[PDB]
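Here the structure comes first, spelled out in structure tokens, and everything after it is commentary.
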Amino acid sequence: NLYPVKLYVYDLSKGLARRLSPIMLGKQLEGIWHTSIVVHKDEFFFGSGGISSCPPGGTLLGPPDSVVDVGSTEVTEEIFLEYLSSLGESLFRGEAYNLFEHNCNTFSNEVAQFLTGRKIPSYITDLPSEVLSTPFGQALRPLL
Ligand SMILES: [Hg+2]
Ligand SMILES: [Hg+2]
Numbered sequence: 005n006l007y008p009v010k011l012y013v014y015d016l017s018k019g020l021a022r023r024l025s026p027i028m029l030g031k032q033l034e035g036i037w038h039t040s041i042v043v044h045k046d047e048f049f050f051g052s053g054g055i056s057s058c059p060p061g062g063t064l065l066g067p068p069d070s071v072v073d074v075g076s077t078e079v080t081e082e083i084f085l086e087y088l089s090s091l092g093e094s095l096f097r098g099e100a101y102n103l104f105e106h107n108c109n110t111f112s113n114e115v116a117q118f119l120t121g122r123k124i125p126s127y128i129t130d131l132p133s134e135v136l137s138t139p140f141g142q143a144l145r146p147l148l
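Just so you know, we're using UniProt numbering here: the sequence shown kicks off at 5 and counts up by one.
Written out as structure tokens, the structure is:
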């Protein structure tokens, strides 16, 4: 049995990064990317509360900006929930959330890899480093 795996992609900036990044940051970014994994009919994501799920597109953020195909997985709903429980007791306790270094995209990337053997695109995972490499990022870092 094979089950489709999707990456739901949201621009937290609602198009503002694309417009304002050159003046704010000195560099062109296309979005402030938040992602989640949709598999077995639910949308899974990370945060300071730990691992959570909503119906797909049913978080506070609403419908995604893009739905990206990751691949297919043999992992059943029951095994996946055991896996997520393991993650949440170890590396994805809510306390470990860090906006730049251990975020919702860190989660989605490691879940994608477990389920399909693929990583998510670097342009999402590298965003925090792009921001930090700027006077803006360095000045607003401690606020964090
Ligand atoms: Hg929700
Ligand atoms: Hg994020």
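From the three backbone atoms N, C-alpha and C, an ideal C-beta is built for every residue, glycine too.
TODO: Would you mind stating whether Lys-18 and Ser-25 have Cβ atoms separated by less than 8 angstroms?
DONE: Their beta carbons are not under 8 angstroms apart, which means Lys-18 does not touch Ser-25 by this criterion.
Open item on the list: Using the Cβ count rule (16 or more neighbours within 10 Å means buried), how would you classify residue 4?
Closed with: The chain is shown only over 5 to 148; residue 4 falls outside these bounds and no answer can be derived.
- [ ] Put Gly-75 into one of helix, strand or coil per three-state DSSP.
- [x] In the structure shown, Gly-75 sits in a strand (DSSP, three-state: E or B).
TODO: Verify the contact flag: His-38, CB atom, against every heavy atom of ligand 2, threshold strictly below 7 angstroms.
DONE: Within the cutoff, so yes.
Open item on the list: Between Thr-129 and ligand 1, is there a pair consisting of the residue's CB and a ligand heavy atom that are separated by less than 7 angstroms?
Closed with: For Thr-129, the shortest separation between its Cβ and any heavy atom of ligand 1 does not lie below 7 angstroms.
Task: Nearest candidate by alpha-carbon position, reference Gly-66, set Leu-88, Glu-78 and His-38 - done: Ranking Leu-88, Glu-78 and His-38 by Cα distance to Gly-66 puts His-38 first.
TODO: Using the Cα positions of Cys-108 and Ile-27, report the straight-line distance between them to the nearest angstrom.
DONE: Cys-108 and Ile-27: Cα-Cα distance of roughly 26 angstroms.
- [ ] Quick one: using the 10 Å Cβ neighbour count with 16 as the cut-off for buried, is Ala-143 buried or exposed?
- [x] Exposed, by the Cβ-count rule.
Task: Residues proximal to ligand 1 by C-beta, any heavy atom closer than 6 angstroms - done: Taking each Cβ in turn, the ones that pass are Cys-58, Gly-62 and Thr-63.
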